[PDB]
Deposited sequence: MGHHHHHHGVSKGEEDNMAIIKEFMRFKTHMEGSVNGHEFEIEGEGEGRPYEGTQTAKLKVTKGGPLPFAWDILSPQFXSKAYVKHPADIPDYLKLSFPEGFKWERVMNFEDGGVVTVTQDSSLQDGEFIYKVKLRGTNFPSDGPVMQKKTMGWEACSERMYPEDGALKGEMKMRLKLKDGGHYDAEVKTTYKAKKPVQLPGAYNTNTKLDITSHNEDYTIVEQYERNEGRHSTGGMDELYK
């Protein structure tokens, strides 16, 4: 929309704060990021500010650090962009295959021309000798999130696959609800294709940089809607 393209510029910065705990270990992270919301790309630079070094895999946190930066076809309402400047909230559950659980709540707003993200995380039930608490993971596979409208919100479901250092994958089933603070136009069902990379980190993962690409694609409509 015109007013929304006026405030969600083609280059946007963000600030983020997470406070969480994993298996009872409390921590805080601050970060800053930047990206191109209409091109689907962003980077972030995170710093552990309390509770470091973290005694678990950074990879369970990386997907919690920004769907305002999803490239959308013009004919798919970009609900999360349209939610600004008030913004949106999201809530997520991740069920990992060994019984570990992460749940997340998040607030996204726009202040002084930058996005402001506030993340709260609670991770529980990870086995002590499992890949999360033993730091045996090596980043996510690319993922397609199946998006669909329901009861006034946007929901996404995905199977995320964490690569394991000794081979194979450690899987999570994930469901997220995204809901604008004000009613704006919901899309139909479509897919968000994501690739999230850790581009650098220090030895103990107290300093981390990430890159993600996110693009919405039609899942119906055939060749006409392919690459729209």
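- Just jot down which stretches of the deposited chain sequence have no CA coordinates, in the order they come. Absent from the structure are positions 1-13, 79.
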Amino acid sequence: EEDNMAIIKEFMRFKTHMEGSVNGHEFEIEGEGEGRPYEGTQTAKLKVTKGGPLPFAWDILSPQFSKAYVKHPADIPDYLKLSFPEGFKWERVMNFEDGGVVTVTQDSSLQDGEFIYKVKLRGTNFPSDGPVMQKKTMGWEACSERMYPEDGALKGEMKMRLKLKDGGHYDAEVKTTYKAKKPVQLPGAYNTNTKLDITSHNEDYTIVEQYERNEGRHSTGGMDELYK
From here on, numbers count along this sequence of modelled residues.
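- Should the higher mean CA B-factor in the entry be assigned to 17-25 or to 216-224? Looking at the recorded C-alpha B-factors, 216-224 comes out higher on average.
- Would 178-186 or 31-39 have the larger average of its C-alpha temperature factors, as given in the entry? Comparing averages over the C-alpha atoms only gives 178-186.
- Could you say which of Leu121, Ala153, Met94, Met147 has its CA atom at the highest B factor, as listed in the PDB entry? That would be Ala153, according to the entry.
- Between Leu80, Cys143, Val104, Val101, which one tops the list for C-alpha B-factor in the PDB entry? The listed residue with the largest C-alpha B-factor is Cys143.
- Message: Ranking the modelled residues of this chain by C-alpha B-factor as given in the entry, is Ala44 in the lowest, middle or highest third?
- Response: As the PDB entry reports it, the C-alpha B-factor of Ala44 lands in the highest third of its chain.
- Item | CA B-factor ranking of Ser62, expressed as a third of its chain | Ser62: CA B-factor falls in the lowest third of its chain.
- Item | Record-listed C-alpha B factor of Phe126: chain third | It belongs to the middle third of the chain when residues are ordered by C-alpha B-factor.
- Taking the entry's C-alpha B-factors for this chain, is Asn191 in the lowest, middle or highest third? It falls in the bottom third of the chain.
- Message: Can you tell me whether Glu203 has a C-alpha B-factor in the lowest, middle or highest third compared with the other modelled residues of the same chain?
- Response: Highest third, going by the recorded CA B-factors of the chain.
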